[PDB]
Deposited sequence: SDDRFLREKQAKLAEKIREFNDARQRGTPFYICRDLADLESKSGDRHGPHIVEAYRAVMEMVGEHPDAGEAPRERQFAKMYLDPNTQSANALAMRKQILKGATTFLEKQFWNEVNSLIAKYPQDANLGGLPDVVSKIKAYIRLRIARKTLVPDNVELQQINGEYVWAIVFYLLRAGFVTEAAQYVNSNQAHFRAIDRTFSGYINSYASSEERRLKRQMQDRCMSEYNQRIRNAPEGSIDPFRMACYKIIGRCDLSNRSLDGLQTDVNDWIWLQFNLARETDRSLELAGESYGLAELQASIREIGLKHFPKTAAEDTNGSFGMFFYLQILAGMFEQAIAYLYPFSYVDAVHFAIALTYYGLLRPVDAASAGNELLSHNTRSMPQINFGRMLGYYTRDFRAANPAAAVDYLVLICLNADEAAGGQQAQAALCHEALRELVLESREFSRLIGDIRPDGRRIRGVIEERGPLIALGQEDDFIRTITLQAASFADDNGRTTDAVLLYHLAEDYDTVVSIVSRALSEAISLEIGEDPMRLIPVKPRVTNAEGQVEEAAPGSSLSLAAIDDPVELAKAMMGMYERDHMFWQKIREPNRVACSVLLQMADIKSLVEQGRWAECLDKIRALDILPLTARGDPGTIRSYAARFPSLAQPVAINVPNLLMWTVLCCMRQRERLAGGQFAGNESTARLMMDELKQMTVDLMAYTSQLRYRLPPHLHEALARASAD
């Protein structure tokens, strides 16, 4: 769980680099990279998954040392073609076999070189050692180790060289041409021991299909039956049999290397080497062995030799079977088989494959299936969408950016090839929508605000190109905004409603939060708001390109007054926002700000100023001395006043009255005491629109 948490971290960042590369057009090698990470994490099943990755590399054409890599989903159209009897299908099947056969030849060839490099003086090669020369050296070293053959078997020799061993191990290493031309370099010597073989191997090396001419195939098969199949034991060089099995595909019913010293990799190689696909409607029973039969073989080996659950596993052998299923292009089954043993590896390997288009996804209509299901055509499907979303719920709460990287990968299957082109893109949207509503990181996901009101694009809309992205971001903002205004999260609501360009609503929200703060008595603790989540988490020991004050998010605003000033500040400086705010609304907030200031003066202890700013409001009749008539003029204005303003008139009085009575304390005095009681007339005339018993508290503070 701890070493795992680290593994998930390094992988998550690679998936970050991955998406940056896809968007910018930078060369990227997903399989090569994912393999490197897996080889450095030291799992027991590691090496098998590393091998599988590299097998897919050879299959797909991911060659970093040549700056060559296939385009995004280059095989989707080919692999996802439902018509199993199409040109696309036949080509896809061929490439799997070719890739696996090629990979398994390279695998062996590397061993040959390693063994030679381990014994240089013994190898004794010339100035420009050719492959044939290296193979002979490899045979020599095997001989010295007594690991070339099983005892009691004598091999045909020529000048001290086991000619058949040399031919076989050249075919084993994929050097078919060099095998044929080695025989041709020794025509006479081969003519003496086998007059027909040269003809067969030359025909074998001259074609793309690695097949013999029909006429030759008949002759080779007959000969193999009459002179080799049922011959006295030890009457035939074990390697010669092997060469015939390979060259002539003799005895496909027994795909094994009995007389030879072989391991599991030699067996696997033989299976792919002998496999052939055909465009012909029919094949002879004795020549019928392609990928379908090969896959069927691997399938049965799984049930018989390997575990399905993690409780049945012990030493990490499940990796071998996953590896086999990959070679065979049983991709959906391979991933489904691995998930229980290592869901992390399963998830990322599925990403690697889906990127190239080698993983059949469920359609959107059946997006509620278990990991592995089958479609109408009985073909295996992986629920890529759900698998990802499910995977991100191990860290989306404490790392929403990483979660966005994965959810975006859902749109890999959202192209013309997948079939459900736009339905898969819709799934990705909902996955991201449920992420935004579930988290409070709006400054990160949707965007932040600069002092002048300009938006700082969020992570999601920057990944727009990678998810078919207009109104989606605008939509999820409005709902996330309404959800915040209704649930009393004032700061989030202001952030979101501004991003949605609903500036008028923003003013109403700050007016309300500011109105509530003004109402509280002078003495209570100041009203505090929960600040929006910061857009960046600058850290100890780390650098902060994002300095405080550069955005609303990094302003740490938790005071309704400071909030109102900030938003009203930018809205009034730029006429663009201003004209989009209703006059009564903007004017109301302005009045509230004055009120908050008037309140600050009282709580501070400045009487002279209080009176002035209150007089400046021109809401109360405070220039009248005893005038009965003018009072009415203002009483009729009350209903016109905005709610959030009117609701604090009761508070104003208590301030205006208290301050005036204090002013009496420090003609002028008589006049001040006059208005003081004049307010007490203001209330009365409109007493059934203020609190019930304000007088008694008012007159009290009035001595």
query: Tell me, which runs of residues in the deposited sequence have no coordinates at all?
result: 1-2, 472-474, 672-685, 723
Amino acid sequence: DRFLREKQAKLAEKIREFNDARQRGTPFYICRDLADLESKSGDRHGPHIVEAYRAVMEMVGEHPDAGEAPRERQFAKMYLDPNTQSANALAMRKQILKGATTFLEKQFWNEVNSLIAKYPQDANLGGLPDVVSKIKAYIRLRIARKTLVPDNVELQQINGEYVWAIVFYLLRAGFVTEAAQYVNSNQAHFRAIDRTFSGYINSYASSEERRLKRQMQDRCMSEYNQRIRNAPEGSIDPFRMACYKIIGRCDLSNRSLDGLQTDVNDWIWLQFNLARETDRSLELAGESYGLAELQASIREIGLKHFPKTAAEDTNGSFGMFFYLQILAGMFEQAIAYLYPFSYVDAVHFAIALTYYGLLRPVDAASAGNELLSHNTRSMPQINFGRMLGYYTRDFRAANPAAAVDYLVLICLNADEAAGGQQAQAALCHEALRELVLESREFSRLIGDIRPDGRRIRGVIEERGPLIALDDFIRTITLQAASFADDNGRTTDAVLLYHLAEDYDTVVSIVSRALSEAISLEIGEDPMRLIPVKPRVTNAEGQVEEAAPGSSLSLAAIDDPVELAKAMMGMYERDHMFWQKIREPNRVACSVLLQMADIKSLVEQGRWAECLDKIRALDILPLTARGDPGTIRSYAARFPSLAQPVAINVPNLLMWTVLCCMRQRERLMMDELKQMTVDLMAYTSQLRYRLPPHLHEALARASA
From here on, numbers count along this sequence of modelled residues.
- prompt: Comparing 346-354 with 504-512, which has the greater mean CA B-factor as deposited?
  reply: 504-512
task: May I ask you to compare 654-662 and 63-71 by their mean CA B factor in the entry and name the higher one?
output: 654-662
Given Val264, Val543, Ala179, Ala588, the residue at which the Cα B factor reaches its maximum: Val543
- request: Tell me which of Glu58, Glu51, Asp33, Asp670 tops the list for C-alpha B factor in the record.
  value: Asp670
field: Record-listed C-alpha B factor of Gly420: chain third
entry: highest
statement: Chain-relative C-alpha B factor for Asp470 (record values, thirds): the highest
- prompt: If you rank the chain by CA B-factor, which third does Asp151 end up in: lowest, middle or highest?
  reply: highest
- request: Taking the chain's C-alpha temperature factors as the reference, tell me which third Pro560 falls into: lowest, middle or highest.
  value: middle
message: Can you tell me whether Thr491 has a C-alpha B-factor in the lowest, middle or highest third compared with the other modelled residues of the same chain?
response: lowest
